[PDB]
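Engineer: Shown below is the structure under consideration.
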Amino acid sequence: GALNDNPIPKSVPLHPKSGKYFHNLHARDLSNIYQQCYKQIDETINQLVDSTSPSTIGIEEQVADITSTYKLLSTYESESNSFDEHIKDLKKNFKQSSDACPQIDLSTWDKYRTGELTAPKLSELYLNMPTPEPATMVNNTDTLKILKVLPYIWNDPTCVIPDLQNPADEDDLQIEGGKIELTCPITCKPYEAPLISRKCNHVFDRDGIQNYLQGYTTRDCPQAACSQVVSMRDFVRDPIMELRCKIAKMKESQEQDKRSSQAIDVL
Amino acid sequence: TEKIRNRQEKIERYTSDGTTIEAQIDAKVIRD
Amino acid sequence: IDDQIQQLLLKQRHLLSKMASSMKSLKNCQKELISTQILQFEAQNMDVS
Amino acid sequence: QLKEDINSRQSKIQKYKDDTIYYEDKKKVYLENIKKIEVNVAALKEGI
Ligand SMILES: [Zn+2]
């Protein structure tokens, strides 16, 4: 073996001065950037519902592309998360192994440079550090729920998708065939700020669900044939119902504007 | 011994300071 | 209005793809920067030793 | 401000805990050494 006449050792244990430097070694927290992205995508969803003409089809490709984009972005966030986790574990292991390795003096300088003493090398260990993998892909936002279901919702807005409440399971959500009512079962009114129940997936207008539960702490689900005892906290904003009602109302508004104009042309 | 005493003192001081500033920032959290 | 809107949504998906690519660059270059940073740390460790 | 506070707190607490461990180990080593030299003093006094 060609010993190091270059007294720089191949590997050295953690020197305390750089132990401090090593403390500063970390992957940057990009989760703020990802939250900004997720907020932008949610606003994109809302404005996509707001603008898209319900009489015009062809948003399925838009939603699918943004679906793939957001899955890719969540994958990147997860890669960074697993990268940070691997950095933490790698730092812990490197510190333990280096501290298990003799500290550096002239004698250990010669031993480490000649290979007599070997210590973990953060460059080498970082190469040996597990590659950033998707760790907890951020799919649990309402973003991927809409980006997944919105082609089909565009094909038919009133369709019931019963597995929109669990974005935590990253398996593809199997949409069951159904139609969610466009009228509040309580007030018999179209949804304005609809609240969905996490227990039975029945969605009611916020005013309607508040009125049904008014005067009592918890009451049964207002939808017919449902006995789920629910309260205001049990109901959370339903982006899906807002999307459905919004699309339906916009289609009706286009129809009504054309009908009202001809309705005046009659007089 | 003096060194470790100083380190522990500063650790406690700056831990308290970090918690306080974290609470302050949580307060600091927060057209048509 | 409808078709202009559909164009806007096409812009949505396109710029989202741009964001995804730039986020790939984001995460990968963050990993790269901390890689050379830990390499610098190793060199400095050897230096102070 | 949260980023700066977290970074400063982590850095300072790391520096001081590392110094705590380092100088505590040094204190233990010096106590062992003083025990050895006390044994040497006792042996020399016995020779006296
Ligand atoms: Zn329910």
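Ordering of the structure tokens sets the chain letters (A, B, ...), residue numbers begin anew at 1 in every chain, and ligands are numbered from 1 in the order given.
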Compile the contact shell of residue 9 (chain D) as a VMD selection string: residues with an atom at most 7 Å away, counting only C-alpha atoms, same-chain residues fewer than 2 positions apart removed.
Structural biologist: (chain B and resid 14 to 15 18) or (chain D and resid 5 to 7 11 to 13)
Engineer: Keeping only N, CA, C and O atoms, write those residues as a JSON list (two decimals), in the first residue's frame.
Structural biologist:
[["chain", "number", "residue", "atom", "x", "y", "z"],
["B", 14, "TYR", "N", -29.72, 30.65, 26.76],
["B", 14, "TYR", "CA", -30.10, 30.69, 25.36],
["B", 14, "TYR", "C", -31.25, 29.75, 25.04],
["B", 14, "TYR", "O", -32.00, 30.01, 24.10],
["B", 15, "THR", "N", -31.44, 28.68, 25.82],
["B", 15, "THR", "CA", -32.64, 27.88, 25.67],
["B", 15, "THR", "C", -33.88, 28.69, 26.05],
["B", 15, "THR", "O", -34.89, 28.68, 25.33],
["B", 18, "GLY", "N", -34.42, 31.22, 23.28],
["B", 18, "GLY", "CA", -34.99, 30.61, 22.09],
["B", 18, "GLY", "C", -36.47, 30.31, 22.25],
["B", 18, "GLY", "O", -37.26, 30.56, 21.33],
["D", 5, "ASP", "N", -33.70, 32.76, 15.02],
["D", 5, "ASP", "CA", -33.73, 32.33, 16.41],
["D", 5, "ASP", "C", -33.39, 30.85, 16.53],
["D", 5, "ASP", "O", -32.60, 30.45, 17.40],
["D", 6, "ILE", "N", -33.98, 30.02, 15.67],
["D", 6, "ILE", "CA", -33.71, 28.59, 15.73],
["D", 6, "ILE", "C", -32.24, 28.32, 15.44],
["D", 6, "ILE", "O", -31.59, 27.54, 16.14],
["D", 7, "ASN", "N", -31.69, 28.97, 14.41],
["D", 7, "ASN", "CA", -30.29, 28.75, 14.07],
["D", 7, "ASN", "C", -29.37, 29.17, 15.22],
["D", 7, "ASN", "O", -28.45, 28.43, 15.59],
["D", 11, "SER", "N", -27.06, 26.57, 17.36],
["D", 11, "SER", "CA", -25.61, 26.72, 17.29],
["D", 11, "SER", "C", -25.02, 26.92, 18.68],
["D", 11, "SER", "O", -24.06, 26.24, 19.06],
["D", 12, "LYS", "N", -25.59, 27.84, 19.46],
["D", 12, "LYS", "CA", -25.04, 28.14, 20.77],
["D", 12, "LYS", "C", -25.16, 26.94, 21.71],
["D", 12, "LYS", "O", -24.21, 26.58, 22.40],
["D", 13, "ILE", "N", -26.34, 26.30, 21.72],
["D", 13, "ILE", "CA", -26.53, 25.17, 22.63],
["D", 13, "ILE", "C", -25.59, 24.03, 22.24],
["D", 13, "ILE", "O", -25.05, 23.34, 23.11]]
Engineer: Please identify all protein, DNA and RNA residues within 12 Å of ligand 1, counting only C-alpha atoms and all ligand atoms, and report them as number ranges by chain.
Structural biologist: A: 162, 165, 195-204, 209, 218-236
Engineer: In Å, how far is it from CA of residue 25 (chain A) to CA of residue 83 (chain A)?
Structural biologist: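 Taking CA of residue 25 (chain A) as the start and CA of residue 83 (chain A) as the end point, the length is 12.2 Å.
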Engineer: How far is it from CA of residue 23 (chain C) to CA of residue 240 (chain A), in Å with one decimal?
Structural biologist: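 Going from CA of residue 23 (chain C) over to CA of residue 240 (chain A), I get 27.3 Å.
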Engineer: Would you mind listing what lies within 10 Å of residue 6 (chain C) as a ChimeraX atom specification, with only C-alpha atoms counted and same-chain residues fewer than 6 positions away left out?
Structural biologist: /A:48,51-53,56-59,62 /C:12
Engineer: Hey, what's within 9 Å of residue 38 (chain C) if we count only C-alpha atoms and toss same-chain stuff fewer than 3 positions away? As a PDB file with N, CA and C atoms, in the first residue's frame, please?
Structural biologist:
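Final output, saved to out.pdb:
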ATOM      1  N   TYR A  21     -18.792  23.191  13.204  1.00  0.00           N
ATOM      2  CA  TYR A  21     -19.104  23.260  11.770  1.00  0.00           C
ATOM      3  C   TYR A  21     -20.097  22.185  11.332  1.00  0.00           C
ATOM      4  N   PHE A  22     -19.887  20.967  11.813  1.00  0.00           N
ATOM      5  CA  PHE A  22     -20.768  19.826  11.623  1.00  0.00           C
ATOM      6  C   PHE A  22     -22.161  20.067  12.180  1.00  0.00           C
ATOM      7  N   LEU A  25     -24.053  21.730   9.667  1.00  0.00           N
ATOM      8  CA  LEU A  25     -24.278  20.949   8.462  1.00  0.00           C
ATOM      9  C   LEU A  25     -25.695  20.407   8.559  1.00  0.00           C
ATOM     10  N   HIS A  26     -26.566  20.857   7.666  1.00  0.00           N
ATOM     11  CA  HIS A  26     -27.935  20.372   7.648  1.00  0.00           C
ATOM     12  C   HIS A  26     -28.553  20.732   6.312  1.00  0.00           C
ATOM     13  N   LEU A 122     -16.974  12.219   6.677  1.00  0.00           N
ATOM     14  CA  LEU A 122     -18.317  12.698   6.375  1.00  0.00           C
ATOM     15  C   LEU A 122     -18.548  12.773   4.873  1.00  0.00           C
ATOM     16  N   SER A 123     -17.513  13.074   4.089  1.00  0.00           N
ATOM     17  CA  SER A 123     -17.676  13.003   2.641  1.00  0.00           C
ATOM     18  C   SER A 123     -17.997  11.575   2.214  1.00  0.00           C
ATOM     19  N   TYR A 126     -21.398  10.507   3.701  1.00  0.00           N
ATOM     20  CA  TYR A 126     -22.436  11.188   2.938  1.00  0.00           C
ATOM     21  C   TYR A 126     -22.663  10.518   1.593  1.00  0.00           C
TER      22      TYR A 126
ATOM     23  N   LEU C  33     -25.494  21.684  -2.510  1.00  0.00           N
ATOM     24  CA  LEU C  33     -24.837  22.710  -1.712  1.00  0.00           C
ATOM     25  C   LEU C  33     -24.427  22.159  -0.359  1.00  0.00           C
ATOM     26  N   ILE C  34     -25.312  21.399   0.288  1.00  0.00           N
ATOM     27  CA  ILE C  34     -24.922  20.842   1.577  1.00  0.00           C
ATOM     28  C   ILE C  34     -23.877  19.749   1.386  1.00  0.00           C
ATOM     29  N   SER C  35     -23.843  19.111   0.214  1.00  0.00           N
ATOM     30  CA  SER C  35     -22.793  18.139  -0.070  1.00  0.00           C
ATOM     31  C   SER C  35     -21.423  18.806  -0.086  1.00  0.00           C
ATOM     32  N   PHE C  41     -16.484  21.020   5.380  1.00  0.00           N
ATOM     33  CA  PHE C  41     -16.338  20.695   6.792  1.00  0.00           C
ATOM     34  C   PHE C  41     -15.277  19.629   7.001  1.00  0.00           C
ATOM     35  N   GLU C  42     -15.264  18.602   6.152  1.00  0.00           N
ATOM     36  CA  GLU C  42     -14.259  17.552   6.277  1.00  0.00           C
ATOM     37  C   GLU C  42     -12.860  18.107   6.043  1.00  0.00           C
ATOM     38  N   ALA C  43     -12.712  18.948   5.019  1.00  0.00           N
ATOM     39  CA  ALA C  43     -11.418  19.569   4.759  1.00  0.00           C
ATOM     40  C   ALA C  43     -10.983  20.437   5.933  1.00  0.00           C
TER      41      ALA C  43
END
Engineer: So the first atom is CA of residue 64 (chain A) and the second is CA of residue 148 (chain A); what is the distance between them in Å, to one decimal place?
Structural biologist: 7.1 Å
Engineer: Hey, what does DSSP flag as strand (DSSP E) within region 26-227 of chain A? Can you give it to me as an MDAnalysis selection string?
Structural biologist: chainID A and resid 194:197 203:205 219:220
Engineer: Residues as selected, N, CA, C and O atoms, written as a short mmCIF file (atom, residue, chain, number, x, y, z; two decimals), in the first residue's frame, can you do that?
Structural biologist:
data_model
loop_
_atom_site.label_atom_id
_atom_site.label_comp_id
_atom_site.auth_asym_id
_atom_site.auth_seq_id
_atom_site.Cartn_x
_atom_site.Cartn_y
_atom_site.Cartn_z
N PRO A 194 -70.23 24.94 1.98
CA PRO A 194 -70.62 23.62 2.49
C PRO A 194 -69.58 23.02 3.42
O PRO A 194 -68.38 23.12 3.20
N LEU A 195 -70.08 22.38 4.48
CA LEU A 195 -69.27 21.63 5.43
C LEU A 195 -69.55 20.15 5.26
O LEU A 195 -70.72 19.73 5.27
N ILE A 196 -68.50 19.36 5.08
CA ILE A 196 -68.61 17.91 5.03
C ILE A 196 -68.29 17.34 6.41
O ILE A 196 -67.43 17.86 7.13
N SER A 197 -69.02 16.29 6.78
CA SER A 197 -68.76 15.55 8.01
C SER A 197 -67.70 14.49 7.75
O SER A 197 -67.77 13.75 6.77
N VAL A 203 -72.45 16.22 3.16
CA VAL A 203 -72.01 17.61 3.09
C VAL A 203 -73.24 18.51 3.17
O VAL A 203 -74.21 18.31 2.43
N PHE A 204 -73.20 19.49 4.06
CA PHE A 204 -74.29 20.44 4.21
C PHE A 204 -73.72 21.85 4.16
O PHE A 204 -72.57 22.08 4.52
N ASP A 205 -74.56 22.78 3.72
CA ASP A 205 -74.19 24.19 3.75
C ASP A 205 -73.88 24.62 5.17
O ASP A 205 -74.54 24.19 6.12
N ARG A 219 -75.70 16.75 17.47
CA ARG A 219 -76.95 16.22 16.96
C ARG A 219 -76.66 15.25 15.82
O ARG A 219 -75.54 15.19 15.30
N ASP A 220 -77.68 14.50 15.44
CA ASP A 220 -77.54 13.49 14.41
C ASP A 220 -77.30 14.14 13.05
O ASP A 220 -77.54 15.34 12.86
#
Engineer: If we count only C-alpha atoms, which residues of chain D reach to within 10 Å of chain A? Please list them as a PyMOL selection string.
Structural biologist: chain D and resi 3+7+10-12+14-16+18-19+22
Engineer: I need the chosen residues saved as a short mmCIF file (atom, residue, chain, number, x, y, z; two decimals), in the first residue's frame, with N, CA, C and O atoms.
Structural biologist:
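Here's the written file selection_25.cif:
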data_model
loop_
_atom_site.label_atom_id
_atom_site.label_comp_id
_atom_site.auth_asym_id
_atom_site.auth_seq_id
_atom_site.Cartn_x
_atom_site.Cartn_y
_atom_site.Cartn_z
N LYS D 3 -36.48 31.64 11.86
CA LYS D 3 -35.30 30.98 11.30
C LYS D 3 -34.04 31.40 12.03
O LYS D 3 -33.24 30.56 12.46
N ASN D 7 -31.69 28.97 14.41
CA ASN D 7 -30.29 28.75 14.07
C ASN D 7 -29.37 29.17 15.22
O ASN D 7 -28.45 28.43 15.59
N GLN D 10 -29.76 26.71 18.26
CA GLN D 10 -29.12 25.43 17.99
C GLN D 10 -27.61 25.55 18.03
O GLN D 10 -26.93 24.75 18.68
N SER D 11 -27.06 26.57 17.36
CA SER D 11 -25.61 26.72 17.29
C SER D 11 -25.02 26.92 18.68
O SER D 11 -24.06 26.24 19.06
N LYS D 12 -25.59 27.84 19.46
CA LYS D 12 -25.04 28.14 20.77
C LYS D 12 -25.16 26.94 21.71
O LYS D 12 -24.21 26.58 22.40
N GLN D 14 -25.35 23.84 20.94
CA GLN D 14 -24.41 22.82 20.51
C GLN D 14 -23.00 23.14 20.97
O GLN D 14 -22.30 22.28 21.51
N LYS D 15 -22.56 24.38 20.74
CA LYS D 15 -21.21 24.76 21.15
C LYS D 15 -21.01 24.52 22.63
O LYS D 15 -20.02 23.90 23.05
N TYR D 16 -21.98 24.95 23.44
CA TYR D 16 -21.80 24.87 24.88
C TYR D 16 -21.97 23.45 25.41
O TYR D 16 -21.28 23.07 26.35
N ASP D 18 -21.15 20.71 23.65
CA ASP D 18 -19.92 20.06 23.24
C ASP D 18 -18.77 20.44 24.17
O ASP D 18 -17.99 19.59 24.59
N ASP D 19 -18.67 21.73 24.50
CA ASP D 19 -17.64 22.16 25.44
C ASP D 19 -17.88 21.56 26.82
O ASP D 19 -16.93 21.19 27.51
N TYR D 22 -16.66 17.98 26.60
CA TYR D 22 -15.21 17.95 26.41
C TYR D 22 -14.47 18.31 27.69
O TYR D 22 -13.60 17.56 28.15
#
Engineer: Would you kindly return, as a count of residues only, each protein, DNA or RNA residue with an atom no farther than 12 Å from any atom of residue 155 (chain A), considering only C-alpha atoms and excluding same-chain residues fewer than 4 positions away?
Structural biologist: 15
Engineer: Using 7 Å as the limit and counting only C-alpha atoms, can you tabulate each residue of chain B that touches chain D, with its shortest atom-to-atom distance in Å and the two atoms involved, as a tab-separated table?
Structural biologist:
residue	atom	partner	partner_atom	distance
B:1	CA	D:27	CA	6.7
B:3	CA	D:23	CA	6.8
B:4	CA	D:20	CA	4.5
B:7	CA	D:16	CA	4.5
B:8	CA	D:16	CA	6.8
B:11	CA	D:13	CA	5.2
B:14	CA	D:9	CA	6.1
B:15	CA	D:9	CA	6.6
B:18	CA	D:9	CA	5.7
B:21	CA	D:5	CA	6.6
B:22	CA	D:2	CA	6.2
B:25	CA	D:2	CA	6.0
Engineer: Output C-alpha atoms for every residue in that selection, as a short mmCIF file (atom, residue, chain, number, x, y, z; two decimals), in the first residue's frame.
Structural biologist:
data_model
loop_
_atom_site.label_atom_id
_atom_site.label_comp_id
_atom_site.auth_asym_id
_atom_site.auth_seq_id
_atom_site.Cartn_x
_atom_site.Cartn_y
_atom_site.Cartn_z
CA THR B 1 -14.82 23.20 35.64
CA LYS B 3 -15.59 26.22 31.33
CA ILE B 4 -18.37 23.65 31.82
CA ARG B 7 -21.35 26.38 29.06
CA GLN B 8 -24.26 25.20 31.22
CA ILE B 11 -27.13 26.76 27.55
CA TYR B 14 -30.10 30.69 25.36
CA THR B 15 -32.64 27.88 25.67
CA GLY B 18 -34.99 30.61 22.09
CA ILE B 21 -38.40 34.24 20.70
CA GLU B 22 -40.29 31.22 19.36
CA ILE B 25 -42.70 34.66 16.46
#
Engineer: Hey, what's within 9 Å of region 36-40 of chain A if we count only C-alpha atoms and toss same-chain stuff fewer than 3 positions away? As a list in words, please?
Structural biologist: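 Once the adjacent positions are removed, what remains is residues 31, 32, 33, 43, 44, 45, 70, 73, 141 and 143 of chain A; 19 of chain C.
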